[PDB]
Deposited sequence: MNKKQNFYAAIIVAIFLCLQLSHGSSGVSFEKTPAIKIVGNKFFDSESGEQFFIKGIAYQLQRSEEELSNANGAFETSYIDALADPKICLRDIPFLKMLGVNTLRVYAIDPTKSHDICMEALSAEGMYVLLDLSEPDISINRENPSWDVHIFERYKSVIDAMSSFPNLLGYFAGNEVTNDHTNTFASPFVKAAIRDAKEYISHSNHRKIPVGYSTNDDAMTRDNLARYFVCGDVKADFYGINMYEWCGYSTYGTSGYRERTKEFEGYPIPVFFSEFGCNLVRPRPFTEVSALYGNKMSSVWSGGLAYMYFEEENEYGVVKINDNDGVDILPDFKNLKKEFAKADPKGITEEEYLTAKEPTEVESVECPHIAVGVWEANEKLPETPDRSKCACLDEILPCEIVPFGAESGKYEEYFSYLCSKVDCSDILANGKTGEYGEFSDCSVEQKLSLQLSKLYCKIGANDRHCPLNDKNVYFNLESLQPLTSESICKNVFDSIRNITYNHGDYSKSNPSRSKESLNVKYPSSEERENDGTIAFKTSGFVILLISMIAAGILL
C-alpha cells in the first residue's frame, strides 16, 4: 500500500498532493552512503535501520544521488511510503554523468538515465528526477548546459512514451554569483524546460537572518519563477552544532510563497561534518548534536500554502564571451539504433574494457573528426556526436583504416583493445 503517499503533481510553480489538493512543501534530508556508490535503498537492513530515525527527524522527502538499477527497491520504497516519505533522485552517477569539462549527451549516458527511470518509476512516492547536478558550475563551463537541457527533454519524452506515471524531471544547481541568474533563466527558456529547479544553498551560516544571509535577495530574485523552486541542499556548517535557524525563514510566510521547501545536507556523517547521525563500527546509529536542532526546527515549521483550486516562451540569455556561452540550439536525441549499427559494420573497433585523449589526438590529426564533435557554444553537433566514446573512436579508426587502404584486416592502431570486426565483412 502506498496510501500514505499520494503522487505529488506540479501545477504552475507549486507542488500539489494529487488527492488532497493541498500544496506540498518539501521538508527533506539527503540520504546517501559513500559499484563505486552504495545503494542504501536496495538493502533493507540499512534502509529499515534508518527510517525510524528519519521519522524522528520529521522529514517527508529524501534526496538520493545514486541507485543501482539492476537491484530491487520495493521494500525500502514501501517502508518509506508507510512513513509518508518521498524520494528525489538523480538519474546520473559519478562515473556516468554529463562531463562538465568535456560535455556530451550520448547513448551511454541516456541508457543510464533510462535504466534508473525504468527501475524507479512504479513508485507513487517518487517525487521527481534530477537530469543533472551542478554541471555548469562557473563562468568557464556554461557551454555544458545545452547538453543538460537535451537530457531533460529526452528524459521527459522517454517517460512520456513509457507506460509510467509522468514523474517530473528537473535540475539541481549550485550558487555561483556570476552564473546563477543566467542558469535559472536558461533552464526555463525556449521550447525545453526543467519541470522544477533545485539550488544547493549554503548562504545561511550560524545564527544569521533573512536579510543578512542573502535569503531575502534570493527570494526576490526567484519571485514569479514559472516552475517550482527549492533548496536541493542546505546546511552551512561554519558554526556548530548547526542551529538550522535557516529553516524558520524558509517555511516562514515571506519565503513559503516562493520556495517549495528544502533538503538538509545530510543524514550520514562522513568526516566532512555534514551528518546528523554517525554509523558506529557495530553498524548502529549514533545521534549527533545537529540532530535535535534539525528535528525541533522541522517540527516548528508550518508553511502555509495555497490549495490547487484557489491557484511568451522565456527568452534565453544572450551570449557573451567569458560570461555566458550556452547556445539555445540543443544536441539531438541520442539514437541507439544508429549507433548500434556502427558496432555492426565498422571494420575496426575498440572495446571499452584513460588513453582516449591520446588516441583521439592521434586519429583526429589524420582524419576529420568533425562528425563526433559537439560544441555547446556554437550549437554545432556532429552526426555521430551522440554515440558512445568507444563507437566514436572506432569510427575514426575505421576511417583511417579505409584511407590507408591495405584491406589486410590490420587496424591502424596498436592496443590490446583494438580488434578487426569480422562482422564487417558479412555483406544499417
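Novice: Should a student be asked to find the unmodelled regions, what ranges of the deposited sequence would be the right answer here?
Specialist: Unmodelled stretches, in sequence order: 1-28, 63-76, 354-362, 405-408, 483-488, 490-555.
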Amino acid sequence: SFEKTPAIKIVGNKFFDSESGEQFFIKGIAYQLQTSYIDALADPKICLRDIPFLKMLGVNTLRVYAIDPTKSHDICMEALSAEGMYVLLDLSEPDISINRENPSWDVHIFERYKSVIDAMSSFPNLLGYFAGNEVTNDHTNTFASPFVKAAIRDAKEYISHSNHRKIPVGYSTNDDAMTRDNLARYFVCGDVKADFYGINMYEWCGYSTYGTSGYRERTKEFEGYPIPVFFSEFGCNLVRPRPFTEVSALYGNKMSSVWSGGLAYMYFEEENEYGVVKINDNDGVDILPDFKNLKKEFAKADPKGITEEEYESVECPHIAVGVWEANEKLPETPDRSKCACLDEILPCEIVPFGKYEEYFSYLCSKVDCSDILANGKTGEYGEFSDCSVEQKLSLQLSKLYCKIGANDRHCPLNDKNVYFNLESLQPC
From here on, numbers count along this sequence of modelled residues.
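For clarity, a rigid core is taken as the largest C-alpha set superposing within 1.5 Å between two forms.
Novice: So if we fit everything on the core, which stretch drifts more in 7 other deposited structures of this protein, 93-101 or 354-362, C-alphas only?
Specialist: Larger mean C-alpha displacement, comparing 93-101 and 354-362 in 7 other deposited structures of this protein, is found in 354-362.
Novice: Determine if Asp195 is unmodelled in a third or more of the other PDB entries compared for this protein.
Specialist: No, modelled in all of them.
Novice: Please establish whether a third or more of the other compared PDB entries omit coordinates for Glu312.
Specialist: Across the other compared entries, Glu312 is absent from at least a third.
Novice: Would 113-121 or 284-292 have the larger average of its C-alpha temperature factors, as given in the entry?
Specialist: Per the PDB entry, the higher value belongs to 284-292.
Novice: Using only the Cα atoms and their B-factors as the entry lists them, report which of 412-420 and 6-14 averages higher.
Specialist: Of 6-14 and 412-420, the stretch with the higher C-alpha B-factor average is 412-420.
Novice: Select one of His139, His108, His161, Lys300: the residue whose C-alpha shows the highest B-factor in the crystal structure entry.
Specialist: Highest C-alpha B-factor among the listed residues goes to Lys300.
Novice: Would you mind checking which of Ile306, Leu183, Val323, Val277 has the top Cα temperature factor in the PDB entry?
Specialist: Max CA B-factor in the entry, restricted to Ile306, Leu183, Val323, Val277: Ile306.
Novice: Quick one: classify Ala151 as lowest, middle or highest third of the chain based on its Cα B-factor.
Specialist: CA B-factor rank for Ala151: lowest third.
Novice: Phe244: which third of its chain by C-alpha temperature factor?
Specialist: It belongs to the middle third of the chain when residues are ordered by C-alpha B-factor.
Novice: Lowest, middle or highest third: which one holds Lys392 when the chain's residues are ordered by CA B-factor from the entry?
Specialist: Answer is lowest: the recorded C-alpha B-factor places it there.
Novice: Splitting the chain's C-alpha B-factors into thirds, which one does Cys402 fall into?
Specialist: Its C-alpha B-factor belongs to the highest third of this chain's values.
Novice: Using the B-factor values recorded in the entry, state whether the Cα atom of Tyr356 falls in the lowest, middle or highest third among the modelled residues of its chain.
Specialist: According to the entry, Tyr356 has a C-alpha B-factor in the chain's highest third.
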